[PDB]
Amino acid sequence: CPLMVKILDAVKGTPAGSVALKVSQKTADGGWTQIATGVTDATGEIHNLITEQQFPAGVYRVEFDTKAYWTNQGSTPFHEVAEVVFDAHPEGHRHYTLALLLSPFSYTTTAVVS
């Protein structure tokens, strides 16, 4: 699997479970095609999000529903959504882990690229 996520809650110091997300691929004319959805498990991860066959080079977007996560935690959030938009270069079995650190008014998006 070429695309994984790891989400941590910076208020509690635990993985962020039950965070919903959507994965989209940019079209040539600049639009977006949704290709996958998922929800983090209690470890802040999702397994088998997409396959290598679904992951050519190009621009991708992962939308994390952080506003719902914070509302359910009981904290008013700033962001309406957490969008991570990146260029993928899969040639060579390069894998990507999108790491995300969440606070109600702040998040950090990092990548670990194999």
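Numbers for residues come from their place in the sequence shown, where the first is 1.
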Exercise for review: With reference to the PDB entry, specify whether the mean Cα temperature factor is higher for 47-55 or for 24-32.
Suggested key: 47-55
**Study point:** Which of 102-110 and 10-18 has higher mean CA B factor, as the PDB entry lists it
**Key:** 10-18
Practice item. Taking the values exactly as deposited, rank residue 75 by C-alpha B-factor within its chain and report the matching third: lowest, middle or highest. Key: highest
Practice item. Rank-wise, by C-alpha B-factor, drop residue 42 into the lowest, middle or highest third of its chain. Key: highest
